Number of protein chains: 2
Amino acid sequence: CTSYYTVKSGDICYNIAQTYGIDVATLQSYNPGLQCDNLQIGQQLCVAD
Amino acid sequence: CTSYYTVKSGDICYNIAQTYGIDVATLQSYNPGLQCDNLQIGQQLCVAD
């Protein structure tokens, strides 16, 4: 992982992904076992590789 | 809380508490509500105080 995004209050996977120019599946591929229904505040999500 | 840890692919609550010295019981007392199968990738765990 080159780069991380930190979950903040009310963030959803779709928008986090759009912010980085990727789609949710790619975000998922970057984060083994990601659970978009269940993101935690401060959770760090890879957004690069 | 004094110190933190960021969950990576596959981490189980046992290896984590071990790595940082401590017992799972102690880990779970630093983290109110904690499903040790269900650890979110990139979740912030407390490991001290």
# chains A, B, ... in the order shown; residues from 1 in each chain; ligands from 1

$ residues_around --residues "residue 20 of chain A" --least-positions-apart "5" --cutoff "9 Å" --atoms "only C-alpha atoms" --output "JSON, numbers by chain"
{"A": [15, 47, 48]}

$ closest_atom_pairs --of "chain A" --to "chain B" --cutoff "8 Å" --atoms "only C-alpha atoms" --output "Markdown table"
| residue | atom | partner | partner_atom | distance |
| --- | --- | --- | --- | --- |
| A:31 | CA | B:41 | CA | 6.8 |
| A:32 | CA | B:9 | CA | 6.2 |
| A:33 | CA | B:41 | CA | 6.7 |
| A:34 | CA | B:41 | CA | 6.1 |
| A:35 | CA | B:40 | CA | 7.2 |
| A:39 | CA | B:40 | CA | 7.5 |
| A:40 | CA | B:43 | CA | 6.6 |
| A:42 | CA | B:44 | CA | 6.5 |
| A:43 | CA | B:43 | CA | 4.4 |
| A:44 | CA | B:42 | CA | 4.5 |
| A:45 | CA | B:42 | CA | 6.0 |

$ residues_around --residues "residue 24 of chain B" --least-positions-apart "6" --cutoff "9 Å" --atoms "only C-alpha atoms" --output "list in words"
residues 13, 14, 16, 17 and 18 of chain B

$ select_by_dssp --residues "chain B" --states "alpha helix (DSSP H)" --output "PyMOL selection string"
chain B and resi 13-19+24-30

$ select_by_dssp --residues "chain A" --states "strand (DSSP E or B)" --output "list in words"
residues 4, 5, 6, 44, 45 and 46 of chain A

$ atom_distance --atom1 "atom CA of residue 4 of chain B" --atom2 "atom CA of residue 19 of chain A"
26.8 Å

$ closest_residue --among "A:29, A:12, A:5, A:21" --to "residue 46 of chain A" --atoms "only C-alpha atoms"
A:5

$ atom_distance --atom1 "atom CA of residue 23 of chain A" --atom2 "atom CA of residue 3 of chain A"
15.9 Å

$ atom_distance --atom1 "atom CA of residue 37 of chain B" --atom2 "atom CA of residue 22 of chain B"
18.3 Å

$ decode --residues "segment 3-34 of chain B" --atoms "N, CA, C and O atoms" --output "PDB file, in the first residue's frame"
ATOM      1  N   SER B   3      -1.500   3.852  23.309  1.00  0.00           N
ATOM      2  CA  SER B   3      -0.899   3.354  22.070  1.00  0.00           C
ATOM      3  C   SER B   3      -1.890   2.562  21.206  1.00  0.00           C
ATOM      4  O   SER B   3      -2.768   1.880  21.740  1.00  0.00           O
ATOM      5  N   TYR B   4      -1.696   2.605  19.880  1.00  0.00           N
ATOM      6  CA  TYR B   4      -2.639   2.013  18.904  1.00  0.00           C
ATOM      7  C   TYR B   4      -2.026   1.070  17.891  1.00  0.00           C
ATOM      8  O   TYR B   4      -0.835   1.061  17.667  1.00  0.00           O
ATOM      9  N   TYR B   5      -2.876   0.257  17.280  1.00  0.00           N
ATOM     10  CA  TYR B   5      -2.435  -0.709  16.261  1.00  0.00           C
ATOM     11  C   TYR B   5      -3.489  -0.824  15.139  1.00  0.00           C
ATOM     12  O   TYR B   5      -4.712  -0.782  15.392  1.00  0.00           O
ATOM     13  N   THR B   6      -2.986  -1.032  13.930  1.00  0.00           N
ATOM     14  CA  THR B   6      -3.784  -1.010  12.744  1.00  0.00           C
ATOM     15  C   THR B   6      -3.862  -2.422  12.177  1.00  0.00           C
ATOM     16  O   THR B   6      -2.858  -2.970  11.739  1.00  0.00           O
ATOM     17  N   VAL B   7      -5.066  -2.973  12.174  1.00  0.00           N
ATOM     18  CA  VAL B   7      -5.302  -4.345  11.720  1.00  0.00           C
ATOM     19  C   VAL B   7      -4.900  -4.474  10.257  1.00  0.00           C
ATOM     20  O   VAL B   7      -5.211  -3.587   9.460  1.00  0.00           O
ATOM     21  N   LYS B   8      -4.186  -5.551   9.929  1.00  0.00           N
ATOM     22  CA  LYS B   8      -3.772  -5.918   8.581  1.00  0.00           C
ATOM     23  C   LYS B   8      -4.504  -7.223   8.178  1.00  0.00           C
ATOM     24  O   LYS B   8      -5.177  -7.813   9.018  1.00  0.00           O
ATOM     25  N   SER B   9      -4.370  -7.676   6.921  1.00  0.00           N
ATOM     26  CA  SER B   9      -4.975  -8.943   6.445  1.00  0.00           C
ATOM     27  C   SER B   9      -4.682 -10.122   7.389  1.00  0.00           C
ATOM     28  O   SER B   9      -3.514 -10.442   7.616  1.00  0.00           O
ATOM     29  N   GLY B  10      -5.722 -10.760   7.931  1.00  0.00           N
ATOM     30  CA  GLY B  10      -5.543 -12.014   8.680  1.00  0.00           C
ATOM     31  C   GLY B  10      -5.271 -11.932  10.184  1.00  0.00           C
ATOM     32  O   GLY B  10      -5.341 -12.931  10.905  1.00  0.00           O
ATOM     33  N   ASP B  11      -4.950 -10.755  10.687  1.00  0.00           N
ATOM     34  CA  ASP B  11      -4.674 -10.630  12.105  1.00  0.00           C
ATOM     35  C   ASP B  11      -5.828 -11.223  12.941  1.00  0.00           C
ATOM     36  O   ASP B  11      -7.016 -10.890  12.718  1.00  0.00           O
ATOM     37  N   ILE B  12      -5.479 -12.082  13.907  1.00  0.00           N
ATOM     38  CA  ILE B  12      -6.462 -12.496  14.918  1.00  0.00           C
ATOM     39  C   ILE B  12      -6.107 -11.884  16.254  1.00  0.00           C
ATOM     40  O   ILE B  12      -4.926 -11.718  16.569  1.00  0.00           O
ATOM     41  N   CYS B  13      -7.131 -11.533  17.024  1.00  0.00           N
ATOM     42  CA  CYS B  13      -6.930 -10.968  18.342  1.00  0.00           C
ATOM     43  C   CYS B  13      -5.799 -11.582  19.216  1.00  0.00           C
ATOM     44  O   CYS B  13      -5.312 -10.902  20.121  1.00  0.00           O
ATOM     45  N   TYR B  14      -5.398 -12.836  18.970  1.00  0.00           N
ATOM     46  CA  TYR B  14      -4.392 -13.534  19.810  1.00  0.00           C
ATOM     47  C   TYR B  14      -2.977 -13.127  19.484  1.00  0.00           C
ATOM     48  O   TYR B  14      -2.224 -12.733  20.386  1.00  0.00           O
ATOM     49  N   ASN B  15      -2.619 -13.253  18.209  1.00  0.00           N
ATOM     50  CA  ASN B  15      -1.345 -12.717  17.725  1.00  0.00           C
ATOM     51  C   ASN B  15      -1.135 -11.231  18.040  1.00  0.00           C
ATOM     52  O   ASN B  15      -0.020 -10.805  18.319  1.00  0.00           O
ATOM     53  N   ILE B  16      -2.207 -10.453  17.987  1.00  0.00           N
ATOM     54  CA  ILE B  16      -2.120  -9.015  18.206  1.00  0.00           C
ATOM     55  C   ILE B  16      -1.722  -8.764  19.664  1.00  0.00           C
ATOM     56  O   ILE B  16      -0.683  -8.126  19.920  1.00  0.00           O
ATOM     57  N   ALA B  17      -2.532  -9.256  20.605  1.00  0.00           N
ATOM     58  CA  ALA B  17      -2.254  -9.079  22.058  1.00  0.00           C
ATOM     59  C   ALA B  17      -0.891  -9.677  22.458  1.00  0.00           C
ATOM     60  O   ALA B  17      -0.178  -9.081  23.277  1.00  0.00           O
ATOM     61  N   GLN B  18      -0.528 -10.814  21.852  1.00  0.00           N
ATOM     62  CA  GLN B  18       0.770 -11.408  22.068  1.00  0.00           C
ATOM     63  C   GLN B  18       1.892 -10.454  21.686  1.00  0.00           C
ATOM     64  O   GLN B  18       2.723 -10.094  22.535  1.00  0.00           O
ATOM     65  N   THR B  19       1.893 -10.066  20.401  1.00  0.00           N
ATOM     66  CA  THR B  19       2.862  -9.150  19.823  1.00  0.00           C
ATOM     67  C   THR B  19       3.104  -7.951  20.757  1.00  0.00           C
ATOM     68  O   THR B  19       4.255  -7.583  20.974  1.00  0.00           O
ATOM     69  N   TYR B  20       2.038  -7.403  21.331  1.00  0.00           N
ATOM     70  CA  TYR B  20       2.102  -6.267  22.260  1.00  0.00           C
ATOM     71  C   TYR B  20       2.237  -6.666  23.749  1.00  0.00           C
ATOM     72  O   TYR B  20       2.088  -5.803  24.624  1.00  0.00           O
ATOM     73  N   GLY B  21       2.580  -7.936  24.015  1.00  0.00           N
ATOM     74  CA  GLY B  21       2.787  -8.450  25.377  1.00  0.00           C
ATOM     75  C   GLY B  21       1.569  -9.181  25.941  1.00  0.00           C
ATOM     76  O   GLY B  21       1.622 -10.422  26.264  1.00  0.00           O
ATOM     77  N   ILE B  22       0.482  -8.393  25.988  1.00  0.00           N
ATOM     78  CA  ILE B  22      -0.779  -8.679  26.678  1.00  0.00           C
ATOM     79  C   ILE B  22      -1.664  -9.922  26.335  1.00  0.00           C
ATOM     80  O   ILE B  22      -1.339 -10.773  25.488  1.00  0.00           O
ATOM     81  N   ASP B  23      -2.768 -10.005  27.100  1.00  0.00           N
ATOM     82  CA  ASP B  23      -3.792 -11.043  27.059  1.00  0.00           C
ATOM     83  C   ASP B  23      -4.998 -10.505  26.269  1.00  0.00           C
ATOM     84  O   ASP B  23      -5.297  -9.306  26.313  1.00  0.00           O
ATOM     85  N   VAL B  24      -5.715 -11.388  25.579  1.00  0.00           N
ATOM     86  CA  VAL B  24      -6.939 -10.978  24.877  1.00  0.00           C
ATOM     87  C   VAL B  24      -7.941 -10.267  25.820  1.00  0.00           C
ATOM     88  O   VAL B  24      -8.451  -9.205  25.493  1.00  0.00           O
ATOM     89  N   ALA B  25      -8.202 -10.841  26.985  1.00  0.00           N
ATOM     90  CA  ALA B  25      -9.057 -10.199  28.001  1.00  0.00           C
ATOM     91  C   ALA B  25      -8.692  -8.715  28.225  1.00  0.00           C
ATOM     92  O   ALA B  25      -9.560  -7.832  28.401  1.00  0.00           O
ATOM     93  N   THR B  26      -7.380  -8.477  28.231  1.00  0.00           N
ATOM     94  CA  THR B  26      -6.791  -7.150  28.419  1.00  0.00           C
ATOM     95  C   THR B  26      -7.008  -6.299  27.156  1.00  0.00           C
ATOM     96  O   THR B  26      -7.342  -5.109  27.247  1.00  0.00           O
ATOM     97  N   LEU B  27      -6.820  -6.921  25.983  1.00  0.00           N
ATOM     98  CA  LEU B  27      -7.097  -6.264  24.698  1.00  0.00           C
ATOM     99  C   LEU B  27      -8.563  -5.825  24.645  1.00  0.00           C
ATOM    100  O   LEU B  27      -8.868  -4.639  24.408  1.00  0.00           O
ATOM    101  N   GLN B  28      -9.466  -6.759  24.935  1.00  0.00           N
ATOM    102  CA  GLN B  28     -10.881  -6.457  24.876  1.00  0.00           C
ATOM    103  C   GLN B  28     -11.290  -5.411  25.898  1.00  0.00           C
ATOM    104  O   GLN B  28     -12.244  -4.678  25.653  1.00  0.00           O
ATOM    105  N   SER B  29     -10.557  -5.282  27.006  1.00  0.00           N
ATOM    106  CA  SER B  29     -10.856  -4.206  27.962  1.00  0.00           C
ATOM    107  C   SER B  29     -10.358  -2.830  27.477  1.00  0.00           C
ATOM    108  O   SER B  29     -10.777  -1.789  27.989  1.00  0.00           O
ATOM    109  N   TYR B  30      -9.456  -2.802  26.503  1.00  0.00           N
ATOM    110  CA  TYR B  30      -8.995  -1.513  25.971  1.00  0.00           C
ATOM    111  C   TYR B  30      -9.883  -1.078  24.803  1.00  0.00           C
ATOM    112  O   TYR B  30      -9.834   0.089  24.391  1.00  0.00           O
ATOM    113  N   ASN B  31     -10.689  -2.029  24.303  1.00  0.00           N
ATOM    114  CA  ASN B  31     -11.590  -1.868  23.141  1.00  0.00           C
ATOM    115  C   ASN B  31     -13.064  -2.296  23.346  1.00  0.00           C
ATOM    116  O   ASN B  31     -13.496  -3.350  22.843  1.00  0.00           O
ATOM    117  N   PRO B  32     -13.845  -1.472  24.058  1.00  0.00           N
ATOM    118  CA  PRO B  32     -15.270  -1.785  24.274  1.00  0.00           C
ATOM    119  C   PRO B  32     -16.057  -2.227  23.008  1.00  0.00           C
ATOM    120  O   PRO B  32     -16.403  -1.394  22.168  1.00  0.00           O
ATOM    121  N   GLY B  33     -16.312  -3.535  22.895  1.00  0.00           N
ATOM    122  CA  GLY B  33     -17.069  -4.135  21.785  1.00  0.00           C
ATOM    123  C   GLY B  33     -16.072  -4.539  20.733  1.00  0.00           C
ATOM    124  O   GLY B  33     -15.451  -3.664  20.144  1.00  0.00           O
ATOM    125  N   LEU B  34     -15.894  -5.840  20.488  1.00  0.00           N
ATOM    126  CA  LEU B  34     -14.747  -6.296  19.695  1.00  0.00           C
ATOM    127  C   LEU B  34     -14.851  -7.759  19.189  1.00  0.00           C
ATOM    128  O   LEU B  34     -14.539  -8.702  19.914  1.00  0.00           O
TER     129      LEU B  34
END
